[PDB]
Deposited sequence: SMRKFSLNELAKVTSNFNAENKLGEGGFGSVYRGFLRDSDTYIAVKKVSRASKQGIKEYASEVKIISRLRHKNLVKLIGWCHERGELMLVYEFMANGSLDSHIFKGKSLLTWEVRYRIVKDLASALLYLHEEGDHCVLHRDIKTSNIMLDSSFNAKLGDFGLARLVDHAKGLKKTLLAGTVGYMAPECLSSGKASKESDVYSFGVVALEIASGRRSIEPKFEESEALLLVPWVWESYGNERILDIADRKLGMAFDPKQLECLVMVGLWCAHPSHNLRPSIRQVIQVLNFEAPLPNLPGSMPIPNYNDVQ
């Protein structure tokens, strides 16, 4: 990666023209930038200085992402810290973020691609939690933070809330936050695994955690409805309607039970991400879950 000047970033984004906006990132808008000399595109995130948290999330992102290299993690390809303006530069990924496919119908993700994506995300988390000089707690795992390459391989990004292990402000995304986050404030590997659980269930079901859009059910949230479905031996009902019957039932069961295990209300009953990967690959047994979600 390298240092970009404000002027060159202005030039390649056409002064951050609205027609070049790709979407909203976690702490700024992202713009498509065109490199004339390479005939290639990049993605430029322009940081929002509208709270003080903008500069904190930029600083966290640079610090953390600089320490990470993995096939299932987004790579930083440059930065800019010049006058007041803070910016971050990444590869342009034409398939965009996972949420656009699974919730917004940009494409129909096949069962085989979805199961692969969950394994990709699990690999990323294993690397974060266990493979570095320091454990990295991500703190904002969700499908809008998962990028897709041309082959639909998944890369986890957004390190603006991420922290190295050896007091943080309570922060995160409502619908992905473990209950102990709100009661105690404490982030852990187990709180990251909770968010992974929620994501796994979103991917299986094509339903957003906070807005599942049930027509025949009164549940307002995804996880309780999945848990109730599992306890009534209705795992098949969980699967994204759009898939019809084109999915593997054994893998669906596995995905759902792993998701609930990860999303256990009690942090001490959640698996390690390494145990999750073993179960997803049928190298270790399915978890023993109660049929009712614990209160």
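Missing from the model relative to the deposited sequence are positions 1, 168-173, 303-309 (no C-alpha coordinates, numbering from 1).
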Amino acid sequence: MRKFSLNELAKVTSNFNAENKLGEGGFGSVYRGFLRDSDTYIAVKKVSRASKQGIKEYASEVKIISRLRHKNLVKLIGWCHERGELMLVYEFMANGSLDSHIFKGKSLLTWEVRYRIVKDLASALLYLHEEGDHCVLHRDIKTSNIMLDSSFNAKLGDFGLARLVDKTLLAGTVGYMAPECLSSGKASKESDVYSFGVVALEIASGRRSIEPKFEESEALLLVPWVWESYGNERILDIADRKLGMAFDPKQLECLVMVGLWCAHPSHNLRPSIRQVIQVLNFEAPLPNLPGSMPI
From here on, numbers count along this sequence of modelled residues.
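Higher mean CA temperature factor, per the PDB entry, when comparing 79-87 with 93-101: 79-87.
Taking the PDB entry as given, 217-225 carries the higher mean Cα B factor of the two stretches 157-165 and 217-225. Highest CA B-factor among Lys71, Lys189, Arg116, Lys106, as stated in the entry: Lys106. Of the candidates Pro212, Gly197, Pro179, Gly132, it is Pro212 whose Cα B-factor is highest according to the PDB record. In the PDB entry, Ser151 places in the highest third of its chain by CA B-factor. In the deposited entry, the Cα temperature factor of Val47 sits in the top third of values across the chain's modelled residues. In the PDB entry, a CA B factor belonging to the highest third of its chain's modelled residues is recorded for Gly54. In the deposited entry, the Cα temperature factor of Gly25 places it in the middle third of its chain's modelled residues. Per-chain ranking of the deposited C-alpha B factor places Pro249 in the highest third.
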